[PDB]
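**Q** Handing you a structure now.
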Amino acid sequence: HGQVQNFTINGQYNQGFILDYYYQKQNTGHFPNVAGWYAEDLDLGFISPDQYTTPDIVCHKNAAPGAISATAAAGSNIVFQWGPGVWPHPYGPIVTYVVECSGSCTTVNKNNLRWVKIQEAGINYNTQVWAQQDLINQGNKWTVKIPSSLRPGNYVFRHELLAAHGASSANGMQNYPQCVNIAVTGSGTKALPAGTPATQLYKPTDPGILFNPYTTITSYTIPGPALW
Ligand SMILES: *[C@@H]1O[C@H](CO)[C@@H](O[C@@H]2O[C@H](CO)[C@@H](O)[C@H](O)[C@H]2NC(C)=O)[C@H](O)[C@H]1NC(C)=O
Ligand code: NI
């Protein structure tokens, strides 16, 4: 359990969506305009395999686009900061996707977004240590590079932890997707390819979704489509 509360682009601070804003909205009808998506999981919980074909897998529970967008040059590093507490969950991979928006991302139909994998990290076979343990050891921070070749445009980045402590059972994998609006500028010239609807990323029986984390692992298939 946890959420992306803020993030940096080339060191520069950007405000993310925090749970306090959900309660602001309940009380007053409005909340601060931020690049992180609004979402309604009040515990900072997860989406389950039985929800892999539902709108909630796109950007988490009842999610809606942030009212503004951040911005970054292609080749920039994003550092997602998870919180408010230390990440609980030392087992599992970390993946990040990007999708382009037709028009502003602030008003996009999330269900029409098509995702391209730009980062993935699993288990180090020699240490048996997962990417999520590395996240805990890096102060809840994860670095993702925006591909240098990516052409300017309005994009959404979908950063996701797949906590695998329960993955040996059907429906046990816990997905924590978090979306942020980040427009891209600069000197990249390549269009994003066709990509994959979020509802087609994962199946409950995929080899890296349903597996035993409590035994020595010599081969692991990180879930989702191929790295771009
Ligand atoms: C960016 O988000 C992080 C992560 O939640 C915030 O860091 C937390 O800050 C609180 C309040 O000071 C501390 O009690 C926690 O220990 C921190 N958690 C972690 C994991 O670092 C940080 O405050 C946010 N930045 C801003 C400016 O709001
Ligand atoms: Ni949790």
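Residue numbering for chain A follows Swiss-Prot; the residues present correspond to positions 20-247, in that order.
According to its header, this structure was worked out by X-ray crystallography, 1.6 Å.
Cβ coordinates come from backbone N, Cα and C, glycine included.
Annotation source Swiss-Prot lists Cu(2+) binding site at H20, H108, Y195, citing a large-scale study or a structure entry. If you look up Swiss-Prot, you'll see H184, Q193 marked as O2 binding site, on the strength of similarity to another entry. Under the heading disulfide bond, Swiss-Prot lists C78-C198, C120-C124, citing experimental evidence as support. Annotation comment: Swiss-Prot describes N25 as N-linked glycosylation site.
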**Q** What other residues of the same chain, not counting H20, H108, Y195, have a CB atom within 8 A of the CB centroid of the Cu(2+) site?
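**A** Output for this site, in sequence order: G21, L63, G64, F65, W106, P107, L180, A182, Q193.
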**Q** Less than 6 Å between Cβ and the nearest atom of ligand 2 is the rule; apply it to the recorded positions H20, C78, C124, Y195, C198.
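**A** Among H20, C78, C124, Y195, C198, near ligand 2: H20.
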**Q** Can you tell which of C120, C124 has the most other C-beta atoms within 10 Å, given these are the disulfide-bonded residues?
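**A** When each Cβ's neighbours within 10 Å are tallied, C124 leads.
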**Q** Compared by Cα position, which of the binding-site residues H108, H184, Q193, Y195 is the closest one to the residue listed as 'N-linked glycosylation site'?
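**A** Looking at Cα distances from the residue listed as 'N-linked glycosylation site', the smallest one goes to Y195.
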**Q** Which recorded positions of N25, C78, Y195 contact ligand 1 in the sense of C-beta under 6 Å?
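**A** What lies within reach of ligand 1, judged by Cβ under 6 Å, is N25.
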**Q** When the number of other CB atoms within 10 A of each residue's CB is tallied over all shown chains, which of the disulfide-bonded residues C78, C198 has the maximum?
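**A** The most densely surrounded of these disulfide-bonded residues is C198.
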**Q** Among the binding-site residues listed here, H20, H108, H184, which has the most company in the form of other Cβ atoms within 10 Å of its Cβ?
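**A** For the binding-site residues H20, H108, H184, the Cβ with the most other Cβ atoms within 10 Å is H108.
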